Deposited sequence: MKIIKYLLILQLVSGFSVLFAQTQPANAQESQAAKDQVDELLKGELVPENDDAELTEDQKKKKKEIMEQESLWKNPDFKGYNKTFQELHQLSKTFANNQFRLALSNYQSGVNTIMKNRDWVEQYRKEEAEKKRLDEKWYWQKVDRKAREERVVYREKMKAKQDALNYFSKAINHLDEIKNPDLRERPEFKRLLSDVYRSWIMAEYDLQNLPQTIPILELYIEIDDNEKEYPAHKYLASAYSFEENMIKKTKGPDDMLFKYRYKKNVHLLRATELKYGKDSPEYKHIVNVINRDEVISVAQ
């Protein structure tokens, strides 16, 4: 079942009394029709942020930004593949030594890396816009819909991957912790692997700057917990990988006999 097939958050169209109330509200609005009206007090107008129409518009804005970011990533991947093919297929009449081929390969790698970083930055901008658009849907019931959860999970995952590839590891921790609270996302081991790496980076940064011992212990414990969880989810409990990770964590952490 594709939750994004209709590209909408909630379908808006039953009680006879409700229909009568809607008709009377429409009749009242007809009398006071004034498109030039602007409310000095913003509260009553800001009540619109709890409606279905506002939520649908914001959902579609976020979907548009998310599609733009995914398009950036995929187009960059296609460009990299095509560029590698073209570089391999073109003639080199002045290339006769092995070190010249090594230099050419290094140049191609430099170009590819630069393009990849540029694409990641642009996609991250789009994903941040999508996150901001999704953050201002204030209806608790509409945030519980499957379509909202699917779009939020996709946007969070793409943002986390882009930000990790840009080497901003600590910034991904709050987003990952939000991500693993949606549906059964806690059962996906890649999230725990990302969390283990990010918490290891935080612990190393605390150690390098000689920061407080409390933060060092907290970061190390979080890293060990998420590493063990990622190991169990991918390889299973009481597996050789699980036993090895248990031994490593036991060595790493503080225990008392």
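Gaps without C-alpha coordinates occur at 1 to 37, 51 to 54, 299 to 300, with positions taken along the deposited sequence from 1.
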